[PDB]
Protein chains: 2
Amino acid sequence: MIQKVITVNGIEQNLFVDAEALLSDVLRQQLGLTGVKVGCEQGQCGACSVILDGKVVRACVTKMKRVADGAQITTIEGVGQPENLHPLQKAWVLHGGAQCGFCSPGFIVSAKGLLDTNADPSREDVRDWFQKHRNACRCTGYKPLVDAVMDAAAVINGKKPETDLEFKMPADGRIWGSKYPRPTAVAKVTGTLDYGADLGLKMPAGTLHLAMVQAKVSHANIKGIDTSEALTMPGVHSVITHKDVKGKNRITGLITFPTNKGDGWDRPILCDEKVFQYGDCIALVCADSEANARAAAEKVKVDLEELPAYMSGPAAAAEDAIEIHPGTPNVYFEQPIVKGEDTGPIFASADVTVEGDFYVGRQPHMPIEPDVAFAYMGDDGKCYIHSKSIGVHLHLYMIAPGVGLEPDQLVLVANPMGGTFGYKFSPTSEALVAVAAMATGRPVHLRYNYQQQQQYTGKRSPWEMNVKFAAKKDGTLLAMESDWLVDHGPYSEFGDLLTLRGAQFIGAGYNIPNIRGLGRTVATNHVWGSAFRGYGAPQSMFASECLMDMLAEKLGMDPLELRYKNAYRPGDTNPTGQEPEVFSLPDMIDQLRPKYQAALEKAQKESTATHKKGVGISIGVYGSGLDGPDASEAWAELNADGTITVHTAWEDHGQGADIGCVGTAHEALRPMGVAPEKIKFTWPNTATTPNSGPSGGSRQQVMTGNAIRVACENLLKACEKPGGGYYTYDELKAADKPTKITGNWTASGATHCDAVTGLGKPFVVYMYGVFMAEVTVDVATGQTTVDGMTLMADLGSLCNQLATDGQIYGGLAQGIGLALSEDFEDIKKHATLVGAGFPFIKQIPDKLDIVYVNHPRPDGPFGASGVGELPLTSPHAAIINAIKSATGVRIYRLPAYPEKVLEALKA
Amino acid sequence: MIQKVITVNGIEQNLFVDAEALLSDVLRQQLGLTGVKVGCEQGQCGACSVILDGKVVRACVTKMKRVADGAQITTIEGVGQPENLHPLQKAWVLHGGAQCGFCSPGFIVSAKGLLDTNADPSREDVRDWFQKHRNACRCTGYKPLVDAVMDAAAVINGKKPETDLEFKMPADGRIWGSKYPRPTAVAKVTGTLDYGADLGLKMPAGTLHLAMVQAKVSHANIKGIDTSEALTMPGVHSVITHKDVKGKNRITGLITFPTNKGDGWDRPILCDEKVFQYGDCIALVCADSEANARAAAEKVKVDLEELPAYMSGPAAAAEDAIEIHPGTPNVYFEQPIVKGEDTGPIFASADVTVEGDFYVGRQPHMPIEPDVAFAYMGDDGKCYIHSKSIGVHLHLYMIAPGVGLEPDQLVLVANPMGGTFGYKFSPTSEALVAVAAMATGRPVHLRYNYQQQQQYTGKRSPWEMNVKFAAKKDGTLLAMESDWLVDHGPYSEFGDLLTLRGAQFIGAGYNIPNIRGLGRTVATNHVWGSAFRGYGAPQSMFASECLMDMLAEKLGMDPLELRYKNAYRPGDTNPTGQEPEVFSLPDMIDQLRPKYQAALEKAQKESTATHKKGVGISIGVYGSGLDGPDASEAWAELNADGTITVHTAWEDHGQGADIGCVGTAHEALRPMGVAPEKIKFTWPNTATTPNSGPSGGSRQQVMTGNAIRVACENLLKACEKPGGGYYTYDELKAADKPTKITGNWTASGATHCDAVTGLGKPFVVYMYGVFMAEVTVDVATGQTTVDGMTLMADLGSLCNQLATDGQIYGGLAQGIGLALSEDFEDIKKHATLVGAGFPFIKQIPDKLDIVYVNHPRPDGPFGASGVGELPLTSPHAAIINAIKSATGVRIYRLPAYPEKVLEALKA
Ligand code: PCD
Ligand code: PCD
Ligand SMILES: *C(=O)CCc1ccccc1
Ligand SMILES: *C(=O)CCc1ccccc1
Ligand code: FES
Ligand code: FES
Ligand code: FES
Ligand code: FES
Ligand SMILES: [Cl-]
Ligand SMILES: [Cl-]
Ligand SMILES: [Cl-]
Ligand SMILES: [Cl-]
Ligand SMILES: [Mg+2]
Ligand SMILES: [Mg+2]
Ligand SMILES: [Mg+2]
Ligand SMILES: [Mg+2]
Ligand SMILES: [Mg+2]
Ligand SMILES: [Mg+2]
Ligand SMILES: [Mg+2]
Ligand SMILES: [Mg+2]
C-alpha cells in the first residue's frame, strides 16, 4: 500500500491506495465520487473521463502508480454542482445533451479539458477531441453535445452573457412544443443521479454482491454443478442454483400467441436441464464484493454434455433439425399476410417485376451503462426489485410464477438508467436477483460487465428475407410477395409478435392492393431476441425500401419520384388493410425534393476517381402503441404545497419520460395556470404507480400522454369553483373533496391482426418519415463515410423539441451503425464496443438535419404521435441506397463492411 | 431493508437502508459524509450533530426508522465548503474555535440550528443551546465557540458586513503576536480534514479491521487462548496473539532511570503470561469490518487464573505486597529532594508550621475522538503506522524491538487528531497495528470505542501527598518537607520521570532555602500512567498551593499577600537550586491585586444564606522542555514555486503546531518579505521529517520554534545576494546552490536533576502564572459552580494570540473538571463522558479572563515560552481555595463531589 497526498476537486486528500488499483475504483469506492461513471471498463467509452494534471484520462484504465504525489484531479463533482453549475453544465441542460445522462459527466469533464487547452474550438475541433478521448454516446447522435460545447465556449470567452445559457420562457407560457429543459438534466450533468451501480456502492454493509456462473458453450445437457471450491473462497456467502428457486423456475412469455406451437414457458430463470445459449446463467455466487463473487464464480464447476448448436435461423429451421426445446418444433410460429387478390397471376402479367434476398442481423443495443439490478426483502414481507426494466408491471407478471411469489408480494421499480434501446423490454437480471434475495433474506446486487451486456442480454433478431414487387410501367405498384425467417435465439418471449411486424411493415408507405407473404419464427442457440428500437421495421423496411430503389432502377425512374407515385393518399390502405390516419408522405416528399436534387448535383460535382459520392432515399413508418386497444392510466394530484404530482409508470430509458409527463400535464393544466416547475413526475413502481404500460412501441407519449391529459382535465373539473376560478388545496380539503384524481385512455377501435390473414387495425396512430443519406465511398478500400442525414418527420405535434430532436439524432446514428459497422455474430470478437462496431463521433456526421412536417393526429394528445422508433425504421436503407447511387454496388446483407463493399466493387 | 427518498444537503438521495441502522453510519459509510464526526457513540458529545427536519439531532442515536420519507438533512458539508464558507464557518476560523477541530462540524451544525430558530441569541442563549444539544469540547473552554456564534449572528442579521469575518492583516505585517488564523482551520470547519476513523472508511477493500480481545479482570496468569469459535464467524480472516509477534513482544520505557529497580521492559505488546490491568489486549481479531471483528472478538475464550489485584498505590506499596512484576519490587523508584539545611531543626524552632495530606487522582483525558490507528506494509518493504502519536520518533524506538523491526524498517506518521492532552505521549495502538500488518501482510485499521478510550488508554497517575511548611510570623518561608506516592499502574514508561516532577514542582513559585522530601513510584493493577497535561504539576501544586492558603490562615494573613512576600525575586532559587530566568510573579500579583479585592467584595455582597460565594488564588509554574539539554531540528526549503516549506515533526494534538510553525517562520523570514500564506508546514513522519521531538513538556514553541528560527536565518543567508537583496529559486538553482537548509537548536546549560539530591537546572525556560477562581457553593447540596476564572500569564512573547488564548481557556476548563467532577476510579461507571464528569458548557463559566504579563525569555525564540500546560498547573487549587473562602470547608482529596462537600459542611 502507499500513501499519496493529492488534490481532488480542489481539496487535499490523504489517500491510502494499492498502486495497482484503478483510479475509477479509488474515486468511486474510496472517495464516494459516483459522478465518475463506469461503463465498458476497457478504455473505449470515455464515461470515466477525469482530468489528471491537465490531461483528460480514462480513470478505468489508469492505475494509481500513474498518479504522482501532488497530482491534481477533477471529476464532474469539481466542475460544478446543482446551484453552482459550470457553463458547460448549463449549456448541456439548455441543448438537451443529457438523455439517459450516463455519458454526460465524462463528456463535460472531457470538454472542460478541451476548453482549457483550446478556448475557441471549431465544431470539427470539438469532434476531433471527443474522438481522441473516446467519449461515446448512444442516445444523442453527438450533435447536441457539440452544440453545448460551442455555446459554453462563447460564454467563457465573453462573447455572450452567461444568463443566455438559462432557458427563456416563451411568455405565452406554453411549454408544449418548446425547448424547456428536462427535470432530470441538472442531476445528470452534475453526476448526482444515482444509476444502479451507483446505488450498489451506497447500499449497506449487509448487502451481498452477486456473480453469474455462465455457460461457456452454446448448447448442452447439464449433468451437475459442483460449488465446493467456490464456497471456500474469500468473502463467499453461498452459491444459488435452480434448487433454490421457489416457483416454476421459468419466465413466461405471458402473451404467447394461440397459434404459436410452444407454450411460452421455455425460458429458465436458472438453467436446470439444459444450456440453450452461450452465457446462460447456471448459478449465482453471493459474496461481500463483486470482485470476490467473480473470483469465486470462476471456480464453480459445471458438468455438461455439449450438444450440436444451431447458430443461425436457416440451420435451425431445416426439416431434419433436432428440437432445441424437446416437444416443440424449432419453427414455432408462422404469420401469413393475405391482402386482396392472388399475386401469382398479377406478377405474371405485370409490366415489371423485381425480387431480392436481404438480411439484417443481430444488432447489439450497446448502451453505455451495462445491465445492473438489485433486490431485497422489505420489512413488509414483499420482495423488491430495482432494475433497468422499462415495463415494470409487465415484468412482474412475467417473473412472479417462476420465482414463486404471488403478484402482490413482489414490487418492481425502475432505477435511473443509462439507455436500453429495447433490450429492457425483456427481463434480464430481475428474476436472478429476486431468487437470491428470497433465498438469502439479504439485499443482493448484480452488475454485468460489458462482455456480459453483449453476450447475455437479448438482441435484435436476424431476419432472412425475400421480397418481390410487381408494377406498371408508370411505377404503380400492383402486388407484393414476401417471406421472412426470424432467428429469435432460444427464448420465445415476443418472438411471434416480432414476426407479425413483418406483415405490418414490409412494404409500408405505399398503396399495395394485393399481398401474399409468410413470416416464420425459429428458435436457435444464438442470442435470444429482445426488442431493439424499431422492432421488426428495421428488417422489414430495409428489404422493401431497397427493393423500391431496385424497381426504380428497372423502370428507369427516379427513386424519390417512384415513392411519390405510390405514397399513401386518401382512399389507400396499409398492408393490413387499414386506412392511414393522416396523409403526410406526399407533403414530405415535395418539401424534400429540391434538397434531394441539390444533393445529387453536389455528389456529382464533388466525386473524384477514388472517392465516389451518392444520395439515397427511404421512407419509414411505424405504429405508436402496442397492438390492439392499448391503454394507460395516470393520477393527477394537487399536493398540500400547491404543486401537482402526475403519477404514472412511464419508464425512462433516457428518452424523456420526465419531460413528456411535465410538458403534457402543463398543456392540459393551462386553464388553471400551473407553472411547469410545480409539476412532479413519479419513478415507475408497481406498488405505488398505475399500470401505464411499458415504454415499447413508441407508445408512451400517445397512450400515457392521453391518460395524463385526461387525468389533468379531471383534476381541473375537481378544482373548478362555482362562478369561475379554481379552489385551492386548502379549500378542497376543508370541504372534504378529493385531491388525487384518476384518468384513463384507451385506443378503442384498434384491432389485433388476424392469425390467418394478417389483416387488422393494430395501431390508431403511426409515425411517418422520409430519409435522405449522403455518403462517400472510397472505392480503393470499400469504406463508406456518411456525410449527412436528413429526416422529414411527421410527429403530429411536438411535446418537447429538445426531446424529439435528440430522439431523431440518436436513431439516425444507430442507423449508421446498423448500415455500416454493427453486429453481434462472433460471441467473443463482438463482445466489446470497438469489436461490435459502435459508432464513435467521427462516424456520425455533424450534418444531421430534421424537417418537421406535422399533421395533427386525431387520437394523439394535442395531436401528437410518438417519435422513439421512427428514426431507426429505415435510415440504413437510405444509406445502402446511397452506396448504390455512388458506386453501382448494392449490399443486400448488412452491415456494409469495407471488405464486403470492396469485393462487390471488384467483381 | 427499505427505500427512503430524502434530501441530504439539498440534493435528493434515493437511499436503501436498514430501518435499525444508525443515521451516523448511513451518512458516513453509505454516503461518504465523513464530516459527520463520531466520538462517544452514546449521544453524549454532540460531534455527530445533524439537522433533521429543522431539529438538531445526534446522528449516532438516531435510527433510520425515525427518518421519514421526504425528510431534509443537513450535515457540515451542506453548511458550507472551502471557498463557499458559511458565516458560522468564517467566524469559527476568525475566533480560533477549531483547535483539534473534531467538535467543530457538530458545533457549527448545531449553531446553524440555533440561529434558524433564534436569530439574535444572547450569549446565555448560545450556552443553553449547546448544553441542551450536548455539544462537548475538550480543547477550547467553549468561550471562543460562543464568540464565533455571536459574530456570525451579527453578520446574518445585517449588523456588520460579512467581510468583517475575514482576517485583516496588521499591515506592518508581523503575524507574530497576531490573531492570524491557523492553516488547518478551513478544513476543520468544513469537515474536510480526515482523522483516523475517516481515513479508515476511505481505505481500500483489502483492508482488515481489527478488534481487541481484552482482559475483563484486573490481574491474572494467562493459561491459554481458544480462537476456534471466532474463526468460524462472519467476515473473520484470522486471530493474532503473542505467538505472531516477531520481536520481544515488549515496549521499552527507553529512558528508564538507572536508579529504577525495573528494567523498563515490563509492558507487553500482546499479553503472554499475565494480565496486568483490566482492558489489556490479549488478542486481535482481523475481519472485513469493525462490526464483524467486534462480534467475533466476543467469542475468543481466554483461560485465566485471576490473581488478587492492587487497585491503589498504598495497597501495592505495602511491605508485604506480592510483586506484580515478579523480580521487581512494586515500589520501583525513589527520588529524594535535598536542598539546603536539615529541615527538622528549622521546623522545631519556627514561629509557625502547617501540614496537610492531599490527593489528586486518576484524571481521564477525555478527548472527543477515541483512539484510532492503522498500519500497512509499504511497497518499499517498510511497515508504516499512522496514529495519534505526538512523538513519532520516540514511539518508533519504544516499539521497534518489540515488533521485531530495525528502526529503518518502520515509519511512524501522525494523523490529524482530535485531541490527546498527553495520553499520546504513550504508545497505545501502534504496536498492535504493526504486529497485525506484519503478520497478515495486509493493511489493518483499529478504532477504539469510547469505553476502550477510557479503560485502555493511560491516565493521570494518582498521587498521595504529605507536605509541610515552616515559616516566620511575617510569612517568610523557611523550610518544606514533602512525601509523595505515585500510582503508575502496571507499565513503567516515564513513571520515574513523573515522580521527579514532584521534586521540581512541589512548592514551586517561592524562595524555599531548605527542603527535605521523597517521591516514590509504585506499580499497581489500575490503569497505567500516561502523561496528562501538567505531568506532575497538577498533583504537586495542588498540595503546595492549598498548603500556602493553610499557612496564610494560620498566620492571619491574606493569601495573595503571603504569596507576594515569598514569590521569586532576583537572588532566589527554585526547589532544584536553579535561579529563575525571569521574575514576573510580583508584577502579576500586583496587577491582580485590585481585581482580587473587588472579587472579595462582590462575593461578600452577593452571598446568600444558602449560596455562599468565595474567591481563591494559586500560582502555577512549569518547564518548557524535556529535562536537560533538549534539542530540535527543522529544515527551511525554498520551493520552485517561491513558497517555503518548513519541515518539522512538530506533532499537532490540536494545540496549533501548524500556526506555531507558520508564525515563527514568518517572523524569522521577515527580512526576505515572505507572505504567511507562502509558508507550508509538514505533518510528522519519521522517514521524511527531522527529529524535532515530542509535543510534551510544553516544549515545541521553545525547542522547535528556535530550530525553525535558526533554519530560517540559515535560509536567509543561503539566499542573500552580494550587494543586497535576495536570490530567487531560479537564480540559486542556476548557480547549483542549496535550497533546503538545516537549522538546529539545543537548550545548552540545562542539566538533569541529580538522582540523590534532586538538584539541577532541568529547564532553561519556565512558564509562570497566577490564578483566581470565583465560585458559589450551594450549602444545602454541596454543589459548586465556578462563576469566573482569571489567569495572569507570562508567556514571554505570543507567537499567536488565537492559539494562546485558546490554550489557556481549554486548560482552565480541564482544571474545573479536575477540581469538581472528574476521575477514573470505577472501571465501568467512569467509562463514559457523563459518568466520569466531563465538563459540559454550563460547568465552564463564560467569564474566563486572561491578562498577559510577558517578560521575554533569554533563550526563547523572540522571547517566547511555552503555554500548553501552564493553565492546568494549579487552577484546581485556586478553585478549592475558593470553596474554602466561601464556606470554611477544605477539600483535601479531589474531586470535590457534592456529597463530599456536604459531609464536610455538616460535620
Ligand atoms: N410528438 C412527440 C413524441 C414524443 N415526444 C417525446 O419523445 C420521447 C419519446 O416518446 P415516445 O415515442 O412516446 O417513446 P416512449 O414510449 O416514451 O419511449 C420508448 C422508446 O424510446 C426510444 N428512445 C430512447 N432514447 C434514449 N435516450 N434511450 C433509449 O434507450 C431509448 N429507447 C428507445 C425505444 S426502444 Mo422499444 O423498448 O424496442 O419498443 S420504444 C423506445 C418522450 O420523451 C416524449 O415525451 C415529444 O416530445 N413529442
Ligand atoms: N508563547 C507562545 C507559546 C505557545 N504558542 C502556541 O501555543 C501552542 C502550544 O505550544 P507549546 O506550549 O510549545 O506546546 P506544544 O509542545 O506545541 O504542545 C503540547 C501541549 O499541548 C497542550 N495543548 C493541547 N491543546 C489541544 N487543543 N489539544 C491537546 O490535546 C493539547 N495537549 C496539551 C499537552 S499535554 Mo503533554 O503530551 O502531557 O507533556 S504538552 C501539551 C502552539 O500552537 C504554539 O505555537 C504561542 O502562540 N505562543
Ligand atoms: C394475435 O393473432 C393473437 C394475439 C393473442 C391473443 C390471445 C392471447 C395472446 C395473444
Ligand atoms: C535522572 O537521574 C537520570 C536520567 C537518565 C540517565 C541515563 C539514561 C536514562 C535516564
Ligand atoms: S472508458 Fe472507462 S468505463 Fe469506458
Ligand atoms: S445521453 Fe449519452 S449515452 Fe445516453
Ligand atoms: S453524541 Fe454522537 S458521537 Fe457523541
Ligand atoms: S476543538 Fe473542540 S474537542 Fe478539540
Ligand atoms: Cl451483400
Ligand atoms: Cl472489413
Ligand atoms: Cl477531602
Ligand atoms: Cl455526589
Ligand atoms: Mg461559474
Ligand atoms: Mg390509386
Ligand atoms: Mg464474420
Ligand atoms: Mg475478400
Ligand atoms: Mg454565503
Ligand atoms: Mg530573601
Ligand atoms: Mg467512588
Ligand atoms: Mg454521605
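In each ligand, atom 1 is the first atom listed, and ligand 1 is the first ligand listed. Atoms considered below: every heavy atom in the structure, side chains included; atoms not considered: hydrogens, waters and symmetry mates. Per chain, numbering begins at 1; letters A, B, ... match sequence-line order.
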Straight-line distance of B:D652 CG to B:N415 CG, nearest 0.5 Å: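 One finds 12.0 Å between CG of B:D652 and CG of B:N415.
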Sub-4.0 Å heavy-atom approach of B:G654 to ligand 8: no
Test applied, side-chain hydrogen bond (donor to acceptor under 3.5 Å, both in side chains); reference residue, B:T420; option that passes from B:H653, B:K388, B:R138: B:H653
Backbone or side-chain N/O/S of B:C137 under 2.8 Å of atom 2 (Fe) of ligand 8: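 Under 2.8 Å: B:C137 contacts atom 2 (Fe) of ligand 8 through an N, O or S atom.
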B:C103 N/O/S atom closer than 2.8 Å to atom 2 (Fe) of ligand 8: yes
Which of the ligand 6 atoms, numbered from 1, are nearer than 4.0 Å to a heavy atom of A:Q99: 1 (S)
Atoms in ligand 6 flagged as close to A:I368, the criterion being non-hydrogen separation under 4.0 Å: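 In order of number, 3 (S).
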Closest protein heavy atom to atom 3 (S) of ligand 8, given as residue, atom name and distance to 0.1 Å: B:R138 N, 3.5 Å
A:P367 and A:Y423, any side-chain heavy atoms less than 4.5 Å apart: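 Answer yes - side chains close enough.
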Sub-4.0 Å atoms of ligand 8 with respect to non-hydrogen atoms of B:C100: 1 (S), 3 (S), 4 (Fe)
Single hit among A:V146, A:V56, A:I841 for side chain to side chain contact (heavy atoms under 4.5 Å, CB included) with A:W129: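 Answer to the side chain to side chain contact (heavy atoms under 4.5 Å, CB included) test with A:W129 among A:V146, A:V56, A:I841: A:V56.
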Test side chain to side chain contact (heavy atoms under 4.5 Å, CB included) applied to B:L833 and B:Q42, B:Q454, B:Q44, B:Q453, the passing residue: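 Checked B:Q42, B:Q454, B:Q44, B:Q453 against B:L833; only one passes side chain to side chain contact (heavy atoms under 4.5 Å, CB included): B:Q44.
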contact_flag A:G101 ligand 6 heavy-atom lt 4.0 Å: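 Checking ligand 6 against A:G101, which is what was asked, there is a heavy-atom contact under 4.0 Å.
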Whether A:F130 and A:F107 hold their rings parallel, tilted or perpendicular, with breakpoints at 30° and 60°: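 Correct class here is perpendicular.
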